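> Just passing along the structure, written as structure tokens.
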2 protein chains.
Amino acid sequence: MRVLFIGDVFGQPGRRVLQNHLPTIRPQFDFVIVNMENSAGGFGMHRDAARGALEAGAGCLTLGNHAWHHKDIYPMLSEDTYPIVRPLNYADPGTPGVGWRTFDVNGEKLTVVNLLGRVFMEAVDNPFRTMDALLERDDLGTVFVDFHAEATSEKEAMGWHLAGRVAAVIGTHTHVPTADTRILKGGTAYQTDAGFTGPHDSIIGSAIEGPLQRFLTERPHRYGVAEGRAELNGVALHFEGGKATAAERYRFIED
Amino acid sequence: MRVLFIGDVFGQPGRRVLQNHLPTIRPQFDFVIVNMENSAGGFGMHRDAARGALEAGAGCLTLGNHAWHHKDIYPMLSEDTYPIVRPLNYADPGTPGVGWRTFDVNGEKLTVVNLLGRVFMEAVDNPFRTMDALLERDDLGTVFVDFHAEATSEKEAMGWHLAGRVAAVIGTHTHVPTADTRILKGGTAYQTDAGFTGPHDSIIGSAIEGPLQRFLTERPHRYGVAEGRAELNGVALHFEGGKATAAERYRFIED
């Protein structure tokens with residue numbers, strides 16, 4: 001019924017706000033989905049990351065681009081206990097973990113699936129056709145899709161391609177929340193990017209000095225996660241009978 | 001002191017909302033900057049498009065990526081009468097038009113500059129250093145930068161790179177407005193993407209079927225400008241002493 005989707009947790013600052021704030025608004029929701037693809041120092045997710053998240057009220061953990069950058073993801077996916085969803089369109093049959101999980105919110109079924117875009121990114125399986133295939137299952141219920149992609153064109157198409165057959169399509173990866181939050185004809189909440197959960201004053205999550213120096217000198221520079229004030233971006237959703245009846249952004253910036 | 005920036009005008013739907021709606025809000029501003037890179041059927045700017053926009057109340061026409069897709073842009077730039085500003089970082093010394101224009105607003109000078117990003121785009125001159133060079137002049141007054149780019153990393157960086165020495169840095173080209181509207185320390189308004197002015201129900205401005213079929217079949221499809229309701233996005237700003245003291249998004253969706 002009432003679910004909150006939280007964007008890309010980026011390193012400690014991201015983990016910090018997430019673990020301090022989420023619990024302050026967790027009661028107002030029935031389920032909470034969190035994208036943790038940058039949890040571990042900006043790349044991948046580590047064991048502490050996942051623990052901290054779940055302890056905070058996170059019901060589902062989605063990944064994406066950097067799903068495999070930290071060595072902890074394999075044992076976690078292997079010992080299948082944490083509610084983790086990684087990109088579904090990874091075609092290799094032997095890919096660890098699963099591309100979708102269905103949960104029991106309140107006697108109702110909620111399926112959270114994770115998808116990867118391809119434009120301006122590495123090539124994986126066709127996300128559009130992958131979805132047509134997952135949608136031919138029966139046990140799904142209210143379906144939530146986290147489309148991790150760069151290109152706005154590719155994100156908007158997934159929204160129209162899925163409108164009417166999914167409850168929501170929220171994009172992630174670019175780190176800046178978009179103001180196009182809407183409900184597409186058919187009852188499908190849509191927003192090109194939820195925005196991320198990390199350092200408020202930064203360059204896509206990195207310390208400002210590094211990237212600025214790369215852009216200027218065109219030579220490599222070492223860079224780490226930005227320090228200081230952190231922000232948390234997400235989307236508050238309201239579903240009924242497998243569709244979205246209300247969708248609005250949620251944003252908190254720590255003092 | 002009061003200026004409005006309107007995002008990428010896209011085709012007839014875009015020109016329709018621009019021309020019908022601008023004149024009713026125009027009174028609230030001293031100057032209005034409009035990006036017309038997609039005026040001509042989604043690609044470039046033709047003479048009518050430019051005439052309509054100016055008649056509507058626009059004082060400056062910025063372009064970008066597709067600044068040259070319509071032949072009309074060469075004679076228009078050659079006769080140097082319409083207030084047009086094309087990307088500054090085109091290194092060829094013979095490239096038509098200019099990379100900036102300073103206008104007399106209310107006893108003060110307002111300089112509008114158009115810049116092109118390079119990530120996930122065609123290589124042109126370095127925008128960061130191209131700005132360092134422009135910024136060495138002393139007759140610019142209040143400077144406004146329209147950074148036409150794809151990558152959120154390159155946009156956030158240009159914002160940190162110009163904070164404190166430009167009144168505003170508003171990005172364009174991605175068509176979806178961002179919700180990060182902020183005034184960076186040093187008095188610099190910033191927004192990763194103004195959003196565009198064109199068809200509300202589409203894929204980046206194109207009709208939904210064409211691009212969708214491309215995405216699904218991976219085979220080329222003929223696609224054109226979408227029809228139906230048009231949306232108009234912009235940023236209303238308040239400049240004072242070369243600095244931004246107020247910035248808020250402007251959005252309108254026709255019924």
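Identifiers in this document derive from the order of the structure tokens: chains are assigned A, B, ..., residues are numbered from 1 separately in each chain, and ligands are numbered from 1 in order of occurrence.
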Which residues are close to region 164-180 of chain A, i.e. within 9 Å by only C-alpha atoms, leaving aside same-chain residues fewer than 4 positions away? Reply as an mmCIF file with N, CA and C atoms, in the first residue's frame.


data_model
loop_
_atom_site.group_PDB
_atom_site.id
_atom_site.type_symbol
_atom_site.label_atom_id
_atom_site.label_comp_id
_atom_site.auth_asym_id
_atom_site.auth_seq_id
_atom_site.Cartn_x
_atom_site.Cartn_y
_atom_site.Cartn_z
ATOM 1 N N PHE A 5 10.647 4.531 -1.826
ATOM 2 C CA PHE A 5 11.817 4.060 -2.549
ATOM 3 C C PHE A 5 12.911 5.086 -2.277
ATOM 4 N N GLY A 7 16.793 6.444 -3.074
ATOM 5 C CA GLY A 7 17.839 6.381 -4.079
ATOM 6 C C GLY A 7 19.245 6.022 -3.623
ATOM 7 N N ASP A 8 20.095 5.787 -4.619
ATOM 8 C CA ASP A 8 21.497 5.408 -4.460
ATOM 9 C C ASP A 8 22.232 5.859 -3.194
ATOM 10 N N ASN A 35 18.137 1.558 -2.801
ATOM 11 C CA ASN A 35 19.171 1.241 -3.782
ATOM 12 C C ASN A 35 20.521 1.477 -3.075
ATOM 13 N N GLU A 37 23.750 0.614 -4.543
ATOM 14 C CA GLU A 37 24.838 0.348 -5.485
ATOM 15 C C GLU A 37 26.160 1.094 -5.253
ATOM 16 N N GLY A 64 22.740 -2.425 -9.007
ATOM 17 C CA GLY A 64 22.820 -1.941 -10.363
ATOM 18 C C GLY A 64 24.229 -1.979 -10.901
ATOM 19 N N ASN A 65 24.567 -0.936 -11.646
ATOM 20 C CA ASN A 65 25.862 -0.756 -12.280
ATOM 21 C C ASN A 65 27.029 -1.412 -11.530
ATOM 22 N N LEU A 135 7.086 -10.241 -16.812
ATOM 23 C CA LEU A 135 5.685 -9.900 -16.643
ATOM 24 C C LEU A 135 4.715 -11.019 -17.007
ATOM 25 N N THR A 142 1.626 -6.428 -7.075
ATOM 26 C CA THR A 142 2.032 -5.051 -7.357
ATOM 27 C C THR A 142 3.529 -5.056 -7.710
ATOM 28 N N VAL A 143 3.856 -4.668 -8.939
ATOM 29 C CA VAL A 143 5.241 -4.674 -9.401
ATOM 30 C C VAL A 143 5.963 -3.323 -9.379
ATOM 31 N N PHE A 144 7.119 -3.283 -8.713
ATOM 32 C CA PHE A 144 7.933 -2.071 -8.640
ATOM 33 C C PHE A 144 9.225 -2.293 -9.423
ATOM 34 N N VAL A 145 9.524 -1.391 -10.353
ATOM 35 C CA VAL A 145 10.727 -1.513 -11.160
ATOM 36 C C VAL A 145 11.714 -0.383 -10.909
ATOM 37 N N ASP A 146 12.954 -0.759 -10.603
ATOM 38 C CA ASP A 146 14.028 0.201 -10.380
ATOM 39 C C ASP A 146 14.909 0.130 -11.628
ATOM 40 N N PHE A 147 14.733 1.093 -12.523
ATOM 41 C CA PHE A 147 15.502 1.139 -13.760
ATOM 42 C C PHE A 147 16.768 1.953 -13.556
ATOM 43 N N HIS A 148 17.894 1.265 -13.490
ATOM 44 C CA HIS A 148 19.185 1.898 -13.281
ATOM 45 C C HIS A 148 19.761 2.218 -14.657
ATOM 46 N N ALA A 149 19.744 3.496 -15.026
ATOM 47 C CA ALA A 149 20.218 3.908 -16.349
ATOM 48 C C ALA A 149 20.671 5.361 -16.435
ATOM 49 N N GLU A 150 21.428 5.670 -17.478
ATOM 50 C CA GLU A 150 21.926 7.023 -17.676
ATOM 51 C C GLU A 150 21.005 7.872 -18.576
ATOM 52 N N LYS A 155 15.058 5.897 -20.244
ATOM 53 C CA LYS A 155 14.247 5.811 -19.046
ATOM 54 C C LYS A 155 12.788 6.141 -19.344
ATOM 55 N N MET A 158 11.029 3.216 -21.033
ATOM 56 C CA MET A 158 10.686 2.102 -20.163
ATOM 57 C C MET A 158 9.394 2.435 -19.439
ATOM 58 N N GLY A 159 9.213 3.713 -19.111
ATOM 59 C CA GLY A 159 7.997 4.134 -18.440
ATOM 60 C C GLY A 159 6.765 3.881 -19.302
ATOM 61 N N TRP A 160 6.832 4.257 -20.577
ATOM 62 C CA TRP A 160 5.720 4.069 -21.507
ATOM 63 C C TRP A 160 5.543 2.603 -21.876
ATOM 64 N N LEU A 184 1.672 7.766 -14.998
ATOM 65 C CA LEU A 184 1.351 7.567 -16.407
ATOM 66 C C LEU A 184 -0.007 6.894 -16.557
ATOM 67 N N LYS A 185 -0.719 7.217 -17.633
ATOM 68 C CA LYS A 185 -2.019 6.608 -17.860
ATOM 69 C C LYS A 185 -1.886 5.104 -17.684
ATOM 70 N N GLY A 186 -2.678 4.562 -16.764
ATOM 71 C CA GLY A 186 -2.647 3.140 -16.480
ATOM 72 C C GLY A 186 -2.340 2.885 -15.016
ATOM 73 N N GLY A 187 -1.995 3.941 -14.296
ATOM 74 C CA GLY A 187 -1.693 3.788 -12.887
ATOM 75 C C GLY A 187 -0.258 3.364 -12.649
ATOM 76 N N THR A 188 0.671 3.994 -13.355
ATOM 77 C CA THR A 188 2.082 3.659 -13.193
ATOM 78 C C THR A 188 2.922 4.863 -12.785
ATOM 79 N N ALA A 189 3.331 4.891 -11.523
ATOM 80 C CA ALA A 189 4.145 5.977 -11.029
ATOM 81 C C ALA A 189 5.435 5.960 -11.839
ATOM 82 N N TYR A 190 5.937 7.148 -12.169
ATOM 83 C CA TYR A 190 7.147 7.262 -12.965
ATOM 84 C C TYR A 190 7.968 8.504 -12.614
ATOM 85 N N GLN A 191 9.288 8.352 -12.584
ATOM 86 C CA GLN A 191 10.211 9.453 -12.298
ATOM 87 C C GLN A 191 11.572 9.027 -12.847
ATOM 88 N N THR A 192 12.080 9.769 -13.832
ATOM 89 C CA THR A 192 13.353 9.436 -14.465
ATOM 90 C C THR A 192 14.503 9.149 -13.489
ATOM 91 N N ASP A 193 14.551 9.841 -12.358
ATOM 92 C CA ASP A 193 15.602 9.533 -11.388
ATOM 93 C C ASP A 193 15.181 9.972 -10.001
ATOM 94 N N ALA A 194 15.302 9.058 -9.050
ATOM 95 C CA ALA A 194 14.923 9.326 -7.672
ATOM 96 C C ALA A 194 15.899 10.259 -6.965
ATOM 97 N N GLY A 195 17.103 10.385 -7.512
ATOM 98 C CA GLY A 195 18.111 11.198 -6.860
ATOM 99 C C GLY A 195 18.799 10.220 -5.924
ATOM 100 N N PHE A 196 19.945 10.576 -5.368
ATOM 101 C CA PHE A 196 20.626 9.625 -4.497
ATOM 102 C C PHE A 196 20.647 10.018 -3.025
ATOM 103 N N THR A 197 21.285 9.176 -2.220
ATOM 104 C CA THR A 197 21.406 9.406 -0.786
ATOM 105 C C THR A 197 22.909 9.491 -0.490
ATOM 106 N N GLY A 198 23.437 10.711 -0.481
ATOM 107 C CA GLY A 198 24.859 10.885 -0.246
ATOM 108 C C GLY A 198 25.255 12.331 -0.019
ATOM 109 N N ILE A 204 28.576 14.349 -8.209
ATOM 110 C CA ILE A 204 28.011 13.017 -8.378
ATOM 111 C C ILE A 204 28.424 12.082 -7.215
ATOM 112 N N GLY A 205 28.765 12.670 -6.068
ATOM 113 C CA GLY A 205 29.165 11.884 -4.911
ATOM 114 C C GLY A 205 30.644 11.970 -4.553
ATOM 115 N N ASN A 233 17.261 11.359 -0.998
ATOM 116 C CA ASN A 233 16.190 11.543 -1.965
ATOM 117 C C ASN A 233 15.461 10.224 -2.151
ATOM 118 N N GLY A 234 14.149 10.308 -2.322
ATOM 119 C CA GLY A 234 13.353 9.116 -2.519
ATOM 120 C C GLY A 234 12.004 9.459 -3.120
ATOM 121 N N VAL A 235 11.139 8.459 -3.208
ATOM 122 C CA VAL A 235 9.807 8.653 -3.749
ATOM 123 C C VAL A 235 8.812 7.934 -2.860
ATOM 124 N N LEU A 237 5.276 6.407 -2.420
ATOM 125 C CA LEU A 237 4.257 5.882 -3.312
ATOM 126 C C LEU A 237 3.047 5.348 -2.560
ATOM 127 N N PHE A 239 0.016 2.554 -3.453
ATOM 128 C CA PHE A 239 -0.512 1.606 -4.421
ATOM 129 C C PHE A 239 -1.849 1.052 -3.973
ATOM 130 N N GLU A 240 -2.684 0.702 -4.952
ATOM 131 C CA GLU A 240 -3.988 0.119 -4.688
ATOM 132 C C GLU A 240 -4.376 -0.792 -5.844
ATOM 133 N N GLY A 242 -2.578 -3.054 -7.318
ATOM 134 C CA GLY A 242 -1.504 -3.154 -8.299
ATOM 135 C C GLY A 242 -1.157 -1.895 -9.081
ATOM 136 N N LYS A 243 -1.703 -0.755 -8.674
ATOM 137 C CA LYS A 243 -1.442 0.500 -9.368
ATOM 138 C C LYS A 243 -1.107 1.606 -8.392
ATOM 139 N N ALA A 244 -0.475 2.656 -8.904
ATOM 140 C CA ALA A 244 -0.120 3.806 -8.081
ATOM 141 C C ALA A 244 -1.271 4.803 -8.107
ATOM 142 N N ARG A 249 7.790 13.078 -4.477
ATOM 143 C CA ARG A 249 9.168 13.009 -4.013
ATOM 144 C C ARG A 249 9.341 13.297 -2.538
ATOM 145 N N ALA B 151 25.967 14.456 -19.106
ATOM 146 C CA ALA B 151 26.422 13.907 -17.834
ATOM 147 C C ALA B 151 26.179 14.770 -16.601
ATOM 148 N N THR B 152 25.556 14.198 -15.570
ATOM 149 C CA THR B 152 25.313 14.966 -14.351
ATOM 150 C C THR B 152 26.638 15.307 -13.666
ATOM 151 N N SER B 153 27.662 14.484 -13.887
ATOM 152 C CA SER B 153 28.978 14.733 -13.287
ATOM 153 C C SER B 153 29.628 15.993 -13.865
ATOM 154 N N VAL B 176 14.512 16.518 -19.076
ATOM 155 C CA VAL B 176 13.750 16.300 -17.860
ATOM 156 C C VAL B 176 14.288 17.257 -16.825
ATOM 157 N N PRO B 177 13.432 18.125 -16.277
ATOM 158 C CA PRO B 177 13.936 19.063 -15.273
ATOM 159 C C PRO B 177 14.413 18.351 -14.015
ATOM 160 N N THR B 178 15.380 18.951 -13.341
ATOM 161 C CA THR B 178 15.894 18.372 -12.119
ATOM 162 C C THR B 178 15.367 19.184 -10.946
ATOM 163 N N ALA B 179 15.288 18.543 -9.788
ATOM 164 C CA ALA B 179 14.768 19.174 -8.588
ATOM 165 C C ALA B 179 15.837 19.697 -7.643
ATOM 166 N N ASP B 180 17.072 19.784 -8.122
ATOM 167 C CA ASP B 180 18.160 20.254 -7.280
ATOM 168 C C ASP B 180 18.392 21.766 -7.308
ATOM 169 N N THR B 192 20.927 21.334 -12.465
ATOM 170 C CA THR B 192 21.509 20.424 -13.452
ATOM 171 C C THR B 192 20.783 20.416 -14.801
ATOM 172 N N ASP B 193 19.464 20.604 -14.809
ATOM 173 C CA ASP B 193 18.736 20.692 -16.084
ATOM 174 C C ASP B 193 17.413 21.421 -15.972
ATOM 175 N N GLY B 195 14.985 21.512 -17.960
ATOM 176 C CA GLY B 195 13.859 20.736 -18.451
ATOM 177 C C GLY B 195 13.588 21.319 -19.830
#

> If we count only C-alpha atoms and set the cut-off at 10 Å, which residues sit around residue 61 (chain B), ignoring sequence neighbours fewer than 3 positions away in its own chain? Please answer as number ranges by chain.

B: 6, 32-37, 45, 50, 53-54, 58, 82-86, 112, 114

> Between B:88, B:25, B:230, B:56, which one has atoms that come closest to residue 2 (chain B), using only C-alpha atoms?

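The answer is B:25, which sits nearest to residue 2 (chain B).
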
> Excluding same-chain residues fewer than 6 positions from residue 71 (chain B), what lies within 10 Å of it counting only C-alpha atoms, as a PyMOL selection string?

chain B and resi 44-47

> Would you save the residues from that selection as a PDB file, in the first residue's frame, using N, CA and C atoms?


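New file out.pdb:
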ATOM      1  N   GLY B  44      17.513  21.780 -34.433  1.00  0.00           N
ATOM      2  CA  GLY B  44      17.909  23.097 -34.914  1.00  0.00           C
ATOM      3  C   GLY B  44      16.862  24.197 -34.787  1.00  0.00           C
ATOM      4  N   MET B  45      17.150  25.359 -35.386  1.00  0.00           N
ATOM      5  CA  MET B  45      16.250  26.521 -35.344  1.00  0.00           C
ATOM      6  C   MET B  45      16.067  27.191 -36.708  1.00  0.00           C
ATOM      7  N   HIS B  46      14.823  27.318 -37.160  1.00  0.00           N
ATOM      8  CA  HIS B  46      14.557  27.979 -38.445  1.00  0.00           C
ATOM      9  C   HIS B  46      14.066  29.409 -38.204  1.00  0.00           C
ATOM     10  N   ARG B  47      14.100  30.242 -39.243  1.00  0.00           N
ATOM     11  CA  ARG B  47      13.718  31.651 -39.107  1.00  0.00           C
ATOM     12  C   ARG B  47      12.368  31.947 -38.454  1.00  0.00           C
TER      13      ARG B  47
END

> Of the residues A:98, A:49, A:17, A:162, which is the one nearest to chain B, using only C-alpha atoms?

A:162

> Where does DSSP see helix (DSSP H, G or I) in region 15-66 of chain A, if you list the residues as JSON, numbers by chain?

{"A": [15, 16, 17, 18, 19, 20, 21, 22, 23, 24, 25, 26, 27, 28, 47, 48, 49, 50, 51, 52, 53, 54, 55]}

> Just write the chosen residues, C-alpha atoms, as a compact mmCIF listing (two decimals), in the first residue's frame.


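selection_8.txt, freshly written:
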# COMPACT_ATOMS: atom_id res chain seq x y z
CA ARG A 15 24.84 5.33 4.94
CA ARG A 16 24.77 7.88 7.77
CA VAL A 17 21.64 9.79 6.76
CA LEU A 18 19.97 6.55 5.75
CA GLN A 19 20.49 4.99 9.19
CA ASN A 20 19.61 8.12 11.18
CA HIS A 21 16.71 9.38 9.10
CA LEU A 22 14.88 6.34 7.73
CA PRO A 23 13.82 5.31 11.24
CA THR A 24 12.26 8.74 11.83
CA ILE A 25 9.75 8.23 8.98
CA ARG A 26 9.69 4.42 8.68
CA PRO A 27 6.37 4.01 10.60
CA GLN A 28 4.57 6.07 7.96
CA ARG A 47 28.12 -6.58 4.61
CA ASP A 48 27.94 -3.69 7.10
CA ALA A 49 26.11 -1.60 4.51
CA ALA A 50 23.32 -4.14 4.09
CA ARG A 51 23.07 -4.72 7.85
CA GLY A 52 22.83 -1.03 8.62
CA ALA A 53 20.13 -0.66 5.96
CA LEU A 54 17.90 -3.51 7.13
CA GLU A 55 18.39 -2.48 10.77

> For CA of residue 252 (chain B) and CA of residue 181 (chain A), determine how far apart the two atoms are, in Å to one decimal place.

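Answer for the CA of residue 252 (chain B) to CA of residue 181 (chain A) separation: 13.9 Å.
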
> I'd like to know which of B:207, B:212, B:40, B:133 is closest to chain A, using only C-alpha atoms.

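Looking only at the distances to chain A, the closest residue turns out to be B:212.
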
> Taking 4 positions as the minimum chain separation for residues in the same chain, which residues sit within 10 Å of residue 132 (chain B) when counting only C-alpha atoms? Answer as an MDAnalysis selection string.

chainID B and resid 127:128 136:137 161:162 165

> Just N, CA, C and O atoms for this one: save the residues we selected as a short mmCIF file (atom, residue, chain, number, x, y, z; two decimals), in the first residue's frame.


data_model
loop_
_atom_site.label_atom_id
_atom_site.label_comp_id
_atom_site.auth_asym_id
_atom_site.auth_seq_id
_atom_site.Cartn_x
_atom_site.Cartn_y
_atom_site.Cartn_z
N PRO B 127 35.14 22.96 -22.06
CA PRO B 127 34.24 23.99 -21.53
C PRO B 127 34.73 24.70 -20.27
O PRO B 127 34.56 25.90 -20.14
N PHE B 128 35.35 23.96 -19.36
CA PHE B 128 35.84 24.53 -18.11
C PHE B 128 36.88 25.63 -18.32
O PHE B 128 36.80 26.69 -17.71
N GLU B 136 37.86 36.30 -18.03
CA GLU B 136 38.99 37.19 -17.79
C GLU B 136 38.62 38.60 -18.26
O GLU B 136 39.29 39.58 -17.91
N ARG B 137 37.55 38.70 -19.05
CA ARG B 137 37.06 39.98 -19.55
C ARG B 137 36.54 40.78 -18.36
O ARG B 137 36.30 40.23 -17.29
N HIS B 161 32.82 24.75 -10.41
CA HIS B 161 33.89 25.49 -11.07
C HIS B 161 33.63 26.99 -11.23
O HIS B 161 34.57 27.79 -11.24
N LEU B 162 32.35 27.36 -11.36
CA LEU B 162 31.94 28.75 -11.55
C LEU B 162 31.29 29.38 -10.32
O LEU B 162 30.92 30.55 -10.35
N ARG B 165 31.59 33.27 -9.31
CA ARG B 165 32.05 34.15 -10.37
C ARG B 165 31.15 34.18 -11.59
O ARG B 165 31.55 34.61 -12.66
#

> Find the residue from A:60, A:183, A:123, A:67 that sits nearest to residue 238 (chain A); use only C-alpha atoms when measuring.

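Ranked by minimum distance to residue 238 (chain A), first place goes to A:183.
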
> What lies within 9 Å of residue 202 (chain B) using only C-alpha atoms, ignoring chain neighbours under 2 positions off, as JSON, numbers by chain?

{"A": [156, 157, 160], "B": [199, 200, 204, 205, 206, 207, 208, 209, 225, 226, 227]}

> Now that the selection is made, can you save its residues with N, CA, C and O atoms as a compact mmCIF listing (two decimals), in the first residue's frame?


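The resulting file, out21.txt, is reproduced below:
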# COMPACT_ATOMS: atom_id res chain seq x y z
N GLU A 156 12.55 7.17 -20.16
CA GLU A 156 11.18 7.55 -20.50
C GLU A 156 10.48 6.47 -21.31
O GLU A 156 9.27 6.27 -21.17
N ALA A 157 11.23 5.76 -22.14
CA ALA A 157 10.64 4.70 -22.93
C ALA A 157 10.23 3.53 -22.05
O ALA A 157 9.20 2.90 -22.28
N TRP A 160 6.83 4.26 -20.58
CA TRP A 160 5.72 4.07 -21.51
C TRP A 160 5.54 2.60 -21.88
O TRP A 160 4.43 2.13 -22.09
N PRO B 199 6.34 18.63 -26.11
CA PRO B 199 5.35 17.59 -25.84
C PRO B 199 5.53 16.87 -24.51
O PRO B 199 6.57 16.31 -24.23
N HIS B 200 4.46 16.88 -23.71
CA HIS B 200 4.40 16.27 -22.38
C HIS B 200 4.40 14.74 -22.37
O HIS B 200 4.99 14.13 -21.48
N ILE B 204 11.53 11.75 -24.84
CA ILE B 204 12.52 12.80 -25.06
C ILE B 204 12.06 13.87 -26.05
O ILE B 204 12.83 14.74 -26.45
N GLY B 205 10.79 13.81 -26.44
CA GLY B 205 10.25 14.79 -27.37
C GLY B 205 9.72 14.13 -28.63
O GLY B 205 9.00 14.75 -29.41
N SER B 206 10.09 12.87 -28.83
CA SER B 206 9.65 12.12 -29.99
C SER B 206 8.36 11.36 -29.68
O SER B 206 8.02 11.16 -28.51
N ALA B 207 7.65 10.96 -30.73
CA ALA B 207 6.43 10.18 -30.55
C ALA B 207 6.91 8.88 -29.92
O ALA B 207 7.99 8.38 -30.25
N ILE B 208 6.09 8.32 -29.03
CA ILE B 208 6.44 7.10 -28.32
C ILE B 208 6.71 5.84 -29.14
O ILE B 208 7.67 5.13 -28.86
N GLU B 209 5.90 5.56 -30.15
CA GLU B 209 6.09 4.33 -30.93
C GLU B 209 7.46 4.13 -31.57
O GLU B 209 8.08 3.09 -31.38
N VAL B 225 8.30 14.14 -34.11
CA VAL B 225 7.89 14.90 -32.95
C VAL B 225 6.53 14.43 -32.46
O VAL B 225 5.63 14.16 -33.26
N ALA B 226 6.40 14.33 -31.14
CA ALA B 226 5.16 13.90 -30.52
C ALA B 226 4.10 14.98 -30.62
O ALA B 226 4.40 16.15 -30.87
N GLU B 227 2.85 14.58 -30.45
CA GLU B 227 1.73 15.52 -30.49
C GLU B 227 0.99 15.47 -29.16
O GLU B 227 1.26 14.61 -28.32

> Expressed in Å to a single decimal, how great is the separation between CA of residue 76 (chain B) and CA of residue 111 (chain B)?

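Here the two named atoms are 20.3 Å from each other.
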
> Pick out the residues sitting within 12 Å of residue 104 (chain A), and hand them over as JSON, numbers by chain; count only C-alpha atoms, and ignore anything fewer than 2 positions along from it in its own chain.

{"A": [1, 30, 31, 59, 60, 101, 102, 106, 107, 108, 109, 110, 111, 112, 139, 140, 141, 142]}

> Let me see the file: selected residues, C-alpha atoms, as a CSV table (one decimal), in the first residue's frame.


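Saved the output as out.csv:
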chain,number,residue,atom,x,y,z
A,1,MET,CA,0.0,0.0,0.0
A,30,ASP,CA,4.5,-0.4,5.0
A,31,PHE,CA,7.6,-1.3,3.0
A,59,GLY,CA,12.7,-4.1,3.3
A,60,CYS,CA,14.4,-4.5,0.0
A,101,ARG,CA,11.9,-10.8,-5.2
A,102,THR,CA,8.2,-10.7,-4.2
A,106,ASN,CA,0.1,-6.7,4.3
A,107,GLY,CA,-1.4,-9.9,2.9
A,108,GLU,CA,-0.6,-8.5,-0.5
A,109,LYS,CA,2.2,-9.3,-2.9
A,110,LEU,CA,4.9,-6.7,-3.8
A,111,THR,CA,7.4,-7.7,-6.5
A,112,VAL,CA,10.6,-5.5,-6.7
A,139,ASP,CA,2.5,-14.7,-8.7
A,140,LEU,CA,3.8,-11.1,-9.1
A,141,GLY,CA,1.1,-8.8,-7.6
A,142,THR,CA,2.0,-5.1,-7.4

> Name the residues of region 79-195 of chain A that come out as strand (DSSP E or B) in a backbone DSSP run; write them as JSON, numbers by chain.

{"A": [84, 85, 100, 101, 102, 103, 104, 109, 110, 111, 112, 113, 114, 115, 116, 142, 143, 144, 145, 146, 147, 148, 163, 166, 168, 169, 170, 171, 172, 178, 182, 183, 184, 188, 189, 190, 191]}

> State, in Å with one decimal place, the distance from CA of residue 11 (chain B) to CA of residue 213 (chain B).

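Distance between the two atoms: 21.6 Å.
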
> So, with only C-alpha atoms as the atoms that count, which of A:218, A:223, A:105, A:9 lies closest to residue 66 (chain A)?

A:9
